[PDB]
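Down below is the structure, laid out as structure tokens.
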Amino acid sequence: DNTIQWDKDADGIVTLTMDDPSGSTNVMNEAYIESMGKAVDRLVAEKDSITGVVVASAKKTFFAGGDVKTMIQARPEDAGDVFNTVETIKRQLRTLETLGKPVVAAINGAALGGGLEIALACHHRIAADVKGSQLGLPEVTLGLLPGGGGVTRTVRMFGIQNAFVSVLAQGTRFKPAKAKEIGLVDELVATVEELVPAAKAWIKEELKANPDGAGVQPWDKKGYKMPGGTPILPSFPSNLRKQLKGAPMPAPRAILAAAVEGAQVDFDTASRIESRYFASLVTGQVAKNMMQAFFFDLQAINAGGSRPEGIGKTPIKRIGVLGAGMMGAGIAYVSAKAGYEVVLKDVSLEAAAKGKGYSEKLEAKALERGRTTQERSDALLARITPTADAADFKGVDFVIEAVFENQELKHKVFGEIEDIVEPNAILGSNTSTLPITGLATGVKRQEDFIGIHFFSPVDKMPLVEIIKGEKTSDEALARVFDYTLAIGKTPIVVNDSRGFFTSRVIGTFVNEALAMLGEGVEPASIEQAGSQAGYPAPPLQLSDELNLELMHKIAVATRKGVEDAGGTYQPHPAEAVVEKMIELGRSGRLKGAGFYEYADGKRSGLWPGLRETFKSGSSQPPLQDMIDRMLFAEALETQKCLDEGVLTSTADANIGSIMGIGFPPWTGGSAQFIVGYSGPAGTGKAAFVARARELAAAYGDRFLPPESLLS
Ligand SMILES: NC(=O)c1ccc[n+]([C@@H]2O[C@H](COP(=O)([O-])OP(=O)(O)OC[C@H]3O[C@@H](n4cnc5c(N)ncnc54)[C@H](O)[C@@H]3O)[C@@H](O)[C@H]2O)c1
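Heads up: the sequence shown runs through residues 3 to 233, 241 to 720, numbered per the authors' numbering.
Listed below in structure tokens is the structure:
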């Protein structure tokens, strides 16, 4: 069905209104391509009676972008048909661009991806200043690239350097004021009522001030020189050139390829180069992994996928944090970012006041960077009130414990506070591994007790792992689910079990690298395989952040938990490496020494005496084997959480692995890595199963795939 209504006044200015009936948002589906074709074909058939075009929308947004439902189904053999589709898109925008008549975009809200590309094919872009309006080309975050002329036009507008670093490489979303300054928007208006009138007025004015250049883009005139001069030069871009190697993620380098190759030719050939690289990424497996995680899975979580279905909102009044530390003091800051009053408690009043001081050091740094205002700085600190008296906790309807990880201590910390807080107060616990059901026995109201696991530093980490105990009510689960969306963080819901999900899966990752070291692998190759696999932090570097002595008793609870069941326990080969590192007095960053040497709180080089300790060099496995040993460990462990019921959806698994433990984004998550694996022996789950058995026959039975993956 049609998606664009045709409006023409007496002056001769046609108004194309993009009103897609099949949804609330205009999106580059097959229906739009049908409409824009017949709408651009009419502007050429009535060329003699039209003196200008206006492109508007009838939604709260302008245009949302490409049809991700169809792009994620694009098989590699569809590469040729995909090339023809985007060519048809750009041919319509190129004809509209060269009518010889002015064309103005009346941007009335969000204009993303395909939407900004439509507006870039215009000669003038008027945008409103409405709260929530965003503009940009964010398809790089999905492993794609601006294929509707976004790459070709932005390079012609700002040159290779500016267009790539600002808009294309990172897919930055802009507010209309920031979009006008960089050159993405030519004029601003107050409200949407005056968007269309200001467009026709600008057309009337341009038709007499620039009667020859009207409708002629700056890069179609005779003497055109691209800004920055026409053209592998990865030295001028910023220090974020780790994405330009294109090794795990091919999208950033492919964009730079289409840009640099498109600057040496004319506009029409530059466009076709853009189309060739677009069909290359779209039909790839990396783009499907990213389309799955950072579009489908994210929206499913922010739409309440894990949240219980029939619970309403319970507004929060006052919050209480039991224990101010690296997490407790950070918990107070993120909560005080919103209008939530925060009461902080610790052992002594100075220990509670010290926790607030750390929250003030972040605001002082933000003032030096001009992030917010001074009146907003004093108002934020006016919501944090540290104390050592429990009477201040009276009136708190949301408790977040963050004391020392001690079971009999947390039963005492709540025993002091459960009678003084509100009868409907949430008894939230922030524990790394202690079972929630074993912690709720210390409070009277077990139905309101719940686990709320943050990640340090709290101000930076966007994930909150909500752990549900056996007694936890679904209403308290929803009240925490809403609190997470209020602090700007993403929630996942986990059933109570030893290791939860985020610490259990990251354990198999750090235990795999420590295993190789005990087997006799060069410590440089372990960090190389980690970096090449796409982990933001190499595993030995991550093993010094998490304390080794903290990881010691993690291996003591598991051993005695299997022996209590009357069975023989099988130790992980990494356990011997930990005990060896503990014998040598190197326990991690906190102690000041670990796999890396540390000085003044910074990370120096790897420990020189490490190679002699583990006879490094005796084991030299293939680099892909090392890469796949760490990835398959997390993917198999994630699968066993879905079997045991620790997780209830792959979307939580995928988003949990990415935003929580640093799983490589190109995999799309630890669950997606099973259905999206690709090796020299195939793609998909069967190929994942075959590769798993290959690693198993060589290294150990821990790589054997569970039954749920077989048939
Ligand atoms: N530290 C992390 O990065 C991290 C990450 C994930 C989970 N966790 C877990 O969540 C919690 C986070 O604590 P942390 O590591 O940020 O803090 P920390 O261990 O550095 O300090 C804990 C604080 O609790 C205070 N405290 C002790 N007894 C108290 C009492 N009776 N009442 C009130 N306060 C008391 C201490 O004085 C101290 O300020 C711990 O349970 C931890 O195991 C920690």
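For every residue, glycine included, the Cβ atom is placed at its ideal position computed from N, Cα and C.
- Task: Go through its chain and collect everything with a Cβ distance to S51's Cβ below 7 Å, but skip five positions before and after it.
- Result: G14
- Query: Between which two residues does the alpha helix (DSSP H) carrying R262 extend?
  - Reply: 260-272
- Message: Could you check if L331 belongs to the surroundings of ligand 1, using beta carbon to heavy atom distance under 6 Å?
- Response: yes
- Task: Would you mind reading off the limits of the alpha helix (DSSP H) that contains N504?
- Result: Counting along the chain, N504 falls outside any alpha helix (DSSP H), though it belongs to the beta strand (DSSP E) covering 499-504.
- Message: Less than 7 Å between the beta carbons of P532 and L615, yes or no?
- Response: yes
- Coil, strand or helix - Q172 by DSSP: coil
- Message: Could you tell me the alpha carbon to alpha carbon distance between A542 and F518, rounded to whole angstroms?
- Response: 12 Å
- Query: Does at least one heavy atom of ligand 1 sit under 6 Å from the Cβ of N556?
  - Reply: no
- Can you say whether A33 is buried or exposed, counting buried as having 16 or more other CB atoms within 10 angstroms of its CB? buried
- Query: So does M560 have its beta carbon nearer than 6 Å to some heavy atom of ligand 1?
  - Reply: no
- What separation, rounded to the nearest whole angstrom, lies between the Cα atoms of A411 and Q136? 37 Å
- Selection from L390, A279, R77 that minimises the alpha carbon distance to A341: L390
- Query: Between the beta-carbon of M590 and the beta-carbon of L619, is there less than 7 Å?
  - Reply: no
- Message: Just to check my reading of the structure: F304 and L144 have Cβ atoms closer than 8 Å, yes? What is that Cβ distance to the nearest angstrom?
- Response: 6 Å
- Please state if the CB of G67 and the CB of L114 are separated by a distance shorter than 7 Å. yes
- Report the three-state DSSP secondary structure of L353 (helix, strand or coil). strand
- Task: Go ahead and label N520 buried or exposed: buried means 16 or more other beta carbons lie within 10 angstroms of its beta carbon, across all protein chains shown.
- Result: buried
- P532, enclosing beta strand (DSSP E) - first and last residue: Looking at the DSSP string, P532 is not in any beta strand (DSSP E); the run it does join, the alpha helix (DSSP H), is 532-542.
- Message: For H462, report the span of its beta strand (DSSP E) as first-last.
- Response: 458-462
- Message: Contact between the segment 278-288 and the segment 120-132 is defined here as three or more beta-carbon pairs at a separation below 8 Å; is this criterion met?
- Response: no
- Query: Which same chain residues, not among the five before or five after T5, have their C-beta less than 6 Å away from its C-beta?
  - Reply: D22, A33, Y34, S37
- Task: Report yes if the C-beta of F413 is less than 6 Å from at least one heavy atom of ligand 1; otherwise report no.
- Result: yes
- Message: By the three-class DSSP mapping on this structure, what secondary structure does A108 have?
- Response: strand
- Item | CA nearest to the CA of residue 234, picked from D3, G597, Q273 | The model of the chain omits the segment between 233 and 241, and residue 234 is among the residues lacking coordinates.
- Item | Distance cut-off 6 Å: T440 Cβ against heavy atoms of ligand 1 | yes
- Query: Considering only C-alpha positions, which residue in the set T63, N28, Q94 is nearest to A41?
  - Reply: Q94
- Which value, in whole angstroms, describes the spacing of the CA atoms of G230 and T174? 21 Å
- Taking the C-alpha atoms as reference points, what is the distance between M335 and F413? 11 Å
- What residues in its chain sit with their C-beta under 6 Å from that of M30, if we drop five residues either side in the sequence? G68, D69, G116
- Do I426 and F407 have their C-beta atoms within less than 7 Å of each other? no
- Query: By a C-beta neighbour count over all protein chains shown, 10 Å radius and 16 as the cutoff for buried, is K103 buried or exposed?
  - Reply: buried
- Quick one: does the C-beta of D275 sit closer than 6 Å to a heavy atom of ligand 1? no
- Message: Let me check understanding here. Comparing Cα to Cα, which of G678, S720, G447, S596 lies closest to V698?
- Response: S720
- Item | Nearest candidate by alpha-carbon position, reference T647, set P580, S666, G626 | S666
- Message: Just to check my reading of the structure: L118 and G152 have Cβ atoms closer than 8 Å, yes? What is that Cβ distance to the nearest angstrom?
- Response: 7 Å
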